[PDB]
Amino acid sequence: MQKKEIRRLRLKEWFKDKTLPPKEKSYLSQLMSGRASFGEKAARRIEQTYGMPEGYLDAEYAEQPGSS
């Protein structure tokens, strides 16, 4: 499973032109870094403060068949 790969790629894209608070920056950086934990509501918890759509991070690309 490479769900974390999708979560990081989408996360850095949003923050490409935006910025994040230091309290989360320590954690957000981990996601972008590629090393982080995922499996719980955490994917949607992030969108709660940012106001992003539910399961935005979930939207996969590479995981899809035919894409590596």
# chains A, B, ... in the order shown; residues from 1 in each chain; ligands from 1

$ residues_around --residues "residue 29 in chain A" --least-positions-apart "5" --cutoff "10 Å" --atoms "only C-alpha atoms" --output "ChimeraX atom specification"
/A:8,11-12,20,24,34-36

$ residues_around --residues "residue 37 in chain A" --least-positions-apart "4" --cutoff "9 Å" --atoms "only C-alpha atoms" --output "PyMOL selection string"
chain A and resi 4+31+42

$ residues_around --residues "residue 41 in chain A" --least-positions-apart "6" --cutoff "12 Å" --atoms "only C-alpha atoms" --output "ChimeraX atom specification"
/A:47-48,54-55,57-58

$ atom_distance --atom1 "CA of residue 40 in chain A" --atom2 "CA of residue 65 in chain A"
24.2 Å

$ atom_distance --atom1 "CA of residue 14 in chain A" --atom2 "CA of residue 39 in chain A"
20.8 Å
